[PDB]
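Residue numbers (the authors' numbering), protein chains in the order written: chain X, 0 to 89; chain X', 0 to 89. A prime marks a further copy of an entry chain. Every residue, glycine too, gets a C-beta built ideally from N, C-alpha and C. The next block holds one structure in the form of structure tokens; read it before the comments.
There are 2 protein chains.
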Amino acid sequence: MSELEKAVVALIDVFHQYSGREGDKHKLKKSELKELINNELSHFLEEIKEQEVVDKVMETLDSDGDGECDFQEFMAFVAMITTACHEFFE
Amino acid sequence: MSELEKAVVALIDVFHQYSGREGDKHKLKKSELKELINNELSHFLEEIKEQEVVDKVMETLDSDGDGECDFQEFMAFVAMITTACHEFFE
Ligand SMILES: N=C(N)c1ccc(OCCCCCOc2ccc(C(=N)N)cc2)cc1
Ligand SMILES: N=C(N)c1ccc(OCCCCCOc2ccc(C(=N)N)cc2)cc1
Ligand SMILES: N=C(N)c1ccc(OCCCCCOc2ccc(C(=N)N)cc2)cc1
Ligand SMILES: N=C(N)c1ccc(OCCCCCOc2ccc(C(=N)N)cc2)cc1
Ligand SMILES: [Ca+2]
Ligand SMILES: [Ca+2]
Ligand SMILES: [Ca+2]
Ligand SMILES: [Ca+2]
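Next up, the structure:
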């Protein structure tokens with residue numbers, strides 16, 4: 000597999016390392032999303048320590064109002080992160 | 000860096016391995032997009048041999064009508080691919 004192809008599976012891998020931990024196995028609730036960010040995006044994103052900060056990140060990502068981040072909402076999150084990296088973090 | 004963090008840079012790396020080859024250094028024209036697909040997505044996508052097929056893929060990706068695929072349009076492409084992989088390719 001190519002680097003692109005490996006990167007694609009890595010995106011799917013990380014979603015499920017976190018999504019299956021609690022409740023709905025196919026969505027990241029706030030507590031799972033916090034965990035993912037703090038453990039998998041520690042170099043790209045400031046550590047989330049306040050519940051308020053998890054809420055605001057989840058409000059941004061949650062396009063269907065169920066209070067959770069599903070896979071396509073996660074893909075939009077990845078697009079935000081990648082775009083920011085691409086821009087050398089503003 | 001985490002696997003997620005490495006995957007993010009890999010997405011940026013591959014865009015530029017192909018985007019800088021011809022013309023506008025920050026966009027993939029059809030010929031660059033064909034090259035990327037055939038060389039970097041050979042396990043996920045059928046090889047493109049016909050110009051018609053490049054055109055139709057580019058028509059799908061090109062949201063601002065400039066006939067080229069920029070970075071955010073590339074990110075949507077990646078979202079399509081990842082979603083398809085996630086779905087075990089329908
Ligand atoms: N030895 C290690 N484990 C290690 C140390 C640093 C590292 O770094 C990778 C480069 C990331 C570049 C970080 O760039 C920014 C700038 C601003 C913001 C912001 N506040 N929005 C966020 C990120 C990777 C691994
Ligand atoms: N194999 C490679 N090419 C490559 C591999 C690792 C790397 O490590 C970057 C550490 C993260 C810091 C921010 O990463 C970027 C990278 C590229 C762009 C860009 N060209 N837009 C913008 C931001 C950089 C390039
Ligand atoms: N030894 C090698 N170099 C190698 C061989 C196979 C491989 O495979 C990875 C798994 C990809 C699974 C492929 O699954 C589909 C199913 C349907 C379509 C479709 N027609 N849309 C596209 C892809 C990777 C490396
Ligand atoms: N470290 C890992 N976990 C892992 C690493 C590599 C891998 O190789 C898959 C080859 C590509 C074939 C299609 O890949 C997928 C993978 C996961 C899902 C899913 N769970 N939705 C859907 C499709 C699978 C899992
Ligand atoms: Ca869950
Ligand atoms: Ca949602
Ligand atoms: Ca170009
Ligand atoms: Ca365009």
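query: How about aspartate 23(X): is its Cβ closer than 7 angstroms to a heavy atom in ligand 6?
result: no
task: Under 8 angstroms Cβ to Cβ from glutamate 2(X), same chain only, skipping five residues before and after it: list those, please.
output: none
field: DSSP three-state assignment for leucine 27(X), whether helix, strand or coil
entry: strand
- request: Go to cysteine 68(X'), then tell me how far its alpha helix (DSSP H) extends in each direction, as first and last residue.
  value: Premise fails: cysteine 68(X') is in no alpha helix (DSSP H) and is neither H nor E.
Proximity to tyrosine 17(X') [Cα-Cα], best of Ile36(X'), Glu4(X'), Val8(X'): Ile36(X')
message: Using 8 angstroms for Cβ pairs, my map puts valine 56(X') next to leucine 32(X'). What's the rounded Cβ distance?
response: 7 angstroms
field: 8 angstroms Cβ cutoff, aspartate 12(X) in contact with chain X'
entry: yes
task: Return the Cβ separation of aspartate 69(X) and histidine 25(X) in integer angstroms, given the expectation that the two are a contact with Cβ distance under 8 angstroms.
output: 7 angstroms
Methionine 0(X) versus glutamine 50(X): straight-line alpha-carbon distance, rounded: 39 angstroms
query: Is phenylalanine 73(X') near ligand 2, judged by its Cβ being under 7 angstroms from some heavy atom?
result: no
7 angstroms Cβ shell around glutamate 46(X') - same chain, five flanking residues per side excluded: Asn37
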